[PDB]
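S.K.: Below: one structure in structure tokens.
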Amino acid sequence: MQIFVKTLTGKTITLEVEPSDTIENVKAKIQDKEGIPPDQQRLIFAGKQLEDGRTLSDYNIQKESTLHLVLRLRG
Amino acid sequence: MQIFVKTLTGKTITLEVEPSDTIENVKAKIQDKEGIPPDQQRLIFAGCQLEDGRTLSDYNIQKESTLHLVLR
Amino acid sequence: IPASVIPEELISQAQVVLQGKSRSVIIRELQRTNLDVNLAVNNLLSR
Amino acid sequence: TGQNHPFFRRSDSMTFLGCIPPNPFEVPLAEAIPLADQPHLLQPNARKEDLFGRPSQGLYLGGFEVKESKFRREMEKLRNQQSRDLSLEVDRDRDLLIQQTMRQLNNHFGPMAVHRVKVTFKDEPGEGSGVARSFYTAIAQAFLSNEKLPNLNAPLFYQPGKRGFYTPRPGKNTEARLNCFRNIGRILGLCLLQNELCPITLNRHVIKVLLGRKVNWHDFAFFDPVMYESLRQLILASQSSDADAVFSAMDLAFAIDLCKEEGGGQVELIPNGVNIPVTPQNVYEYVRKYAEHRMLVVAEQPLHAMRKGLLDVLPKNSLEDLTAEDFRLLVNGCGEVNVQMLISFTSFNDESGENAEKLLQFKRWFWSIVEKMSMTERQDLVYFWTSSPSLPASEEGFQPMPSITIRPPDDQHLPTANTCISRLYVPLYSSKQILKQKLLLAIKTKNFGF
């Protein structure tokens, strides 16, 4: 139901997640929570990268789980 | 949704692009509208040549950017 | 070839094609390539 | 001789020709060397007279830009003379980066004829030109902190009494720490040879050992100011009206005890006993032996390894007629970030397609926000832009000559950085607080990407 979003500065705001939604729903939830558009967003967690073509339940993620948000902005 | 690929002389051609476009589709469109072979040109985006593998999102070419073209 | 006998149009075209380098790059372009812009820009893109 | 032994004399690097130098005992530290108490007066447009005080009159060839320009053409001549490269694969942390740097820097440099070094961390699509600057500031902050040493375990530097200036510690030096001291001057040498900036800062006795010049008494003021003052009033009290009513009761000797960064204690300066008392007629011998033991004896092999590592990169002909101050200016830059110079290094490329007084009102908001910013956030913004925590001191420091540009107006898009060479992309918003919030949210991220 709830996820653990953490960043470099230590901001943590709770999110509401469906148990069987998609990764784009997670990105829509975090852009609606703060206002960070998902074109500059990326989710890297547990030593692997995630693509939006697979569901959020395909990657074996439990409830009150942890995720690390990385802002792909520079280059 | 426009890219101006300015040549050496000063002429400017028109392109309609997408941020998710892959350079395989770039070769597809240059054989579609133009027909110029791909082993005769090079492209410049802010002093950084592109590559066929990385997409336009990996090189940060969004809507309304500046592109160049230099023949081989 | 003295450096002042060339117009600034060629060096401005080389700057807007290739930016991030030095004036000595255009010096070595003028001393060696003998005004072949496509070959010189392709050589400077080959490094 | 006496008080005029050749240790208590000003060298060529801190004097002016035809003028008698001042007496090194009767003047306090602020009125003699104003660079000692505060070091922020080192600027490219700084006179030598306001850095080392006013000389005395004799009746009572160039500066920075000549040296650095000739040095830059000599470095690019040596750079184009060789055509062998060096690729690097690093890890953005401390311990793994230190271990990987010293195991991949042994294959090279073991004179040398390297040409260019390319940098990639891991899994990052950001291979450009700022990766070398990011690697240099990463190795600088990796060796700059004080936690431990991840095997091959004391830290390699300490702070003698001024914040930001670092001096090596032996720490029971061995066959691995000496190699780690050897392979740290090579990073500074490559930074000098490739015309960049590296955030490693040293005291001038460390640099003057590396260049090959003798260290004198006035270089001790840049090492420890309170001990400099204590020995100054000791020397002035040693030549009083009596001088024996205060040295008989002080009870000093020619023995020294040392702190944790130097070793144990009770080391005899002169041999055959610590039981000699310091009578006033050899106080200058005590001062000279104390300072010389504190600099040049405990740190002999780290400084020797650093000079060997520096001369393993460059030939022994380019560092001649080079002072320590312009050595610091070509490497550490200006230090703190001044916004007026940063205004002088911009171009304002316009691509917005807006007629809000034909732009030229959004920029006042940007510069007010930048000028009303904290110092750490200012270094964060400069590192956000050019991938370097400080700015160079000349036009020739930058290869791409940085710029900002204005994009078509989107209120939701935070600013982006094309930092692979130098450029910043800023979407246009309305009002002030939106731009403030978006930019101060954006500049806290240092992770590259794209």
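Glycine is no exception: its Cβ is also placed from the backbone N, Cα and C atoms.
Relevant sequence annotations retrieved from Swiss-Prot are reproduced here:
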CROSSLNK  A:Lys6  ubiquitin cross-link
CROSSLNK  A:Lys11  ubiquitin cross-link
CROSSLNK  A:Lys27  ubiquitin cross-link
CROSSLNK  A:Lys29  ubiquitin cross-link
CROSSLNK  A:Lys33  ubiquitin cross-link
CROSSLNK  A:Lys48  ubiquitin cross-link
SITE      A:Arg54  site 'Interacts with activating enzyme'
CROSSLNK  A:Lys63  ubiquitin cross-link
MOD_RES   A:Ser65  phosphoserine
MOD_RES   A:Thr66  (Microbial infection) ADP-ribosylthreonine
SITE      A:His68  site 'Essential for function'
SITE      A:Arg72  site 'Interacts with activating enzyme'
S.K.: Quick one: pull the CA-CA distance for A:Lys11 (ubiquitin cross-link) versus the residue listed as '(Microbial infection) ADP-ribosylthreonine', whole Å only.
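M.R.: Between the alpha carbons of A:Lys11 (ubiquitin cross-link) and the residue listed as '(Microbial infection) ADP-ribosylthreonine' there are 14 Å.
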S.K.: Does DSSP give A:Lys29 (ubiquitin cross-link) helix, strand or coil?
M.R.: helix
S.K.: Taking only C-alpha atoms and a 10 A limit, tell me which of A:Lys6, A:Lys33, A:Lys48 are near A:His68 (site 'Essential for function'). These are the recorded sites.
M.R.: A:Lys6
S.K.: Work out how many Å separate A:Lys63 (ubiquitin cross-link) and A:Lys6 (ubiquitin cross-link) at their Cα atoms, rounded off.
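M.R.: Between the alpha carbons of A:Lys63 (ubiquitin cross-link) and A:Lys6 (ubiquitin cross-link) there are 16 Å.
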S.K.: Relative to the Cα of A:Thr66 ((Microbial infection) ADP-ribosylthreonine), which of the recorded positions A:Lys6, A:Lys27, A:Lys29, A:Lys48, A:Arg72 has the closest Cα?
M.R.: A:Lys6
S.K.: Select from the recorded positions A:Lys27, A:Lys29, A:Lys48, A:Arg54, A:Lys63: which have any Cβ-Cβ contact with chain D shorter than 8 Å?
M.R.: none
S.K.: Which of A:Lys27, A:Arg72 (the recorded positions) has the most other Cβ atoms within 10 Å?
M.R.: A:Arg72
S.K.: What is the Cβ neighbour count of A:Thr66 ((Microbial infection) ADP-ribosylthreonine) at a 10 Å cut-off, with all protein chains included?
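M.R.: A:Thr66 ((Microbial infection) ADP-ribosylthreonine): 12 neighbouring Cβ atoms within 10 Å.
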S.K.: Might you list, by sequence position, any residue in that chain lying six or more from A:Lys29 (ubiquitin cross-link) with a Cβ less than 8 Å away from its Cβ?
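M.R.: The answer is A:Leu15, A:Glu16, A:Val17.
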S.K.: Quick one: give me the count of other CB atoms within 10 A of the CB of A:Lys48 (ubiquitin cross-link).
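M.R.: Total other Cβ atoms inside 10 Å, all chains included: 7.
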S.K.: Measuring Cα to Cα, how many Å separate A:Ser65 (phosphoserine) from A:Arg54 (site 'Interacts with activating enzyme')?
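M.R.: Computed Cα spacing between A:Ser65 (phosphoserine) and A:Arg54 (site 'Interacts with activating enzyme') is 18 Å.
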S.K.: Which whole-number value in Å describes the distance between the Cα atoms of A:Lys27 (ubiquitin cross-link) and A:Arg54 (site 'Interacts with activating enzyme')?
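M.R.: Given the Cα positions, A:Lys27 (ubiquitin cross-link) is 14 Å from A:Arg54 (site 'Interacts with activating enzyme').
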S.K.: Write down the Cα-Cα distance for A:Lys48 (ubiquitin cross-link) and A:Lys6 (ubiquitin cross-link), rounded and given in Å.
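M.R.: Counting only the Cα atoms, the answer is 17 Å.
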S.K.: State the three-class DSSP label for A:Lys11 (ubiquitin cross-link), counting H, G and I as helix, E and B as strand, and everything else as coil.
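M.R.: The residue in question, A:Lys11 (ubiquitin cross-link), is coil (DSSP, three-state).
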S.K.: Of the recorded positions A:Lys33, A:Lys48, A:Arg54, which one has its Cα closest to the Cα of A:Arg72 (site 'Interacts with activating enzyme')?
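M.R.: Closest recorded candidate to A:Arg72 (site 'Interacts with activating enzyme') by Cα: A:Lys48.
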S.K.: Between the Cα atoms of A:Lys33 (ubiquitin cross-link) and A:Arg54 (site 'Interacts with activating enzyme'), what distance do you get, rounded to the nearest Å?
M.R.: 23
